[PDB]
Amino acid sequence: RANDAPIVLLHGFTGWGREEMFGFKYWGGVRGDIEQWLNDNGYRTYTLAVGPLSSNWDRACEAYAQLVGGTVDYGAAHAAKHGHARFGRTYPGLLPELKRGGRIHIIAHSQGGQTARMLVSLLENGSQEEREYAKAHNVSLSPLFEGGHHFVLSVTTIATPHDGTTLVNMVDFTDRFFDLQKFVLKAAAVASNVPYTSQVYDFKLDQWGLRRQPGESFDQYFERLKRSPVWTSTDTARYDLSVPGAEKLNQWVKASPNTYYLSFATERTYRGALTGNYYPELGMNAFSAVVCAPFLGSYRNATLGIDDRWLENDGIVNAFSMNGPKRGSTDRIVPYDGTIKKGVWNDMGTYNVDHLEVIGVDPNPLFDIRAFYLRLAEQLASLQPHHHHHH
């Protein structure tokens, strides 16, 4: 143990707070409670919950406020550009200590990894556009946009589409994506054709002024979201998840030299006998198996750059996209050699588990999830806050 930094957990295009889904955890799912496990083992751990469908930017803003406390500030320039609210939900702050020189490890899953990267970039570099806009229009400016924060010792990504996922190319992606949401609700024993009066799954679309109404089931709510700016505008997860969107995000979201980055790739497919195509293995979550993997494993696009290396997948994301950003990126990626190097992506390899199995939302008895996270935690705790140069 070289550091006492707490661990913070962060979800992707699906996810919810510890008090949502009747307690079914995004981090653990049918297997348990990952956060609890870490805590019980001596690793202080917290959980962030942000908009699942929102843009990484929105998410980052939300994360910052959820960490330090206060009212979400999306940036005047940003809000005016995308025509959504500047200020959002107020949070009590999970870790005030950050504002006193404390540091955290972020463990992110899926799109959460893009969000984590973005958060570190904003914390350290702020946003020039925001600074300049504040100065020309005489509006206040969130600390998040000034730069100079050192809050993050490390970022670990699991099954993150750093270069996007081809899933979004599906002609029917709109319908299937939401079907995936319903699937996850199903996993938690929640029906989508029911108007639960209870919260259940808050998409936190405060900036857009959207929320499930009384008498409105998720099926009906999603129909509405599909036609809303959270689905039709570039300031969305849908955009950032795409290959072009991810590359655009990679053009400015760089690895900080002061933070350690670890990536974990996932794969649950096999290569066909007479084709470079990939197919879903036995055990893969039912949804992905039928609806997503076949596409991910057979889809190519030369103009875009999507070739045979992109076909191996975890049912939702292309494994090629997971070791770290590459398209439009200046970041470096190094295969793990037994030493975790700072300011670069330490590619920890590929694990044989699906997008949902990795977090416990889909079962997989052959995957010792408790040990995986515990080992991870142990590794993060061994990170030195000062690496001495040596032979």
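Counting begins at 1, following the sequence as shown.
Student: Where do the C-alpha atoms have the higher mean temperature factor in this entry, in 133-141 or in 159-167?
Tutor: Between 133-141 and 159-167, it is 133-141.
Student: Would you mind comparing 327-335 and 53-61 for me and telling me which has the higher average C-alpha temperature factor in the entry?
Tutor: Taking the mean B-factor of the alpha carbons in each, 327-335 is higher.
Student: Return the residue from 93, 113, 294, 75 that has the highest Cα B-factor in the entry.
Tutor: In the PDB entry, the greatest C-alpha B-factor among 93, 113, 294, 75 is found at 294.
Student: Could you look up the Cα B-factor of residue 43 in the entry and say which third of the chain it sits in: lowest, middle or highest?
Tutor: It belongs to the highest third of the chain when residues are ordered by C-alpha B-factor.
Student: Within this chain's modelled residues, let me know which third the CA B factor of residue 343 belongs to: lowest, middle or highest.
Tutor: It falls in the top third of the chain.
Student: Taking the values exactly as deposited, rank residue 317 by C-alpha B-factor within its chain and report the matching third: lowest, middle or highest.
Tutor: According to the entry, residue 317 has a C-alpha B-factor in the chain's lowest third.
Student: Splitting the chain's C-alpha B-factors into thirds, which one does residue 194 fall into?
Tutor: Residue 194: CA B-factor falls in the highest third of its chain.
Student: Going by the recorded CA B-factors, say which third of the chain residue 305 sits in, lowest, middle or highest.
Tutor: Its C-alpha B-factor, which the entry lists for residue 305, ranks in the highest third among residues of this chain.
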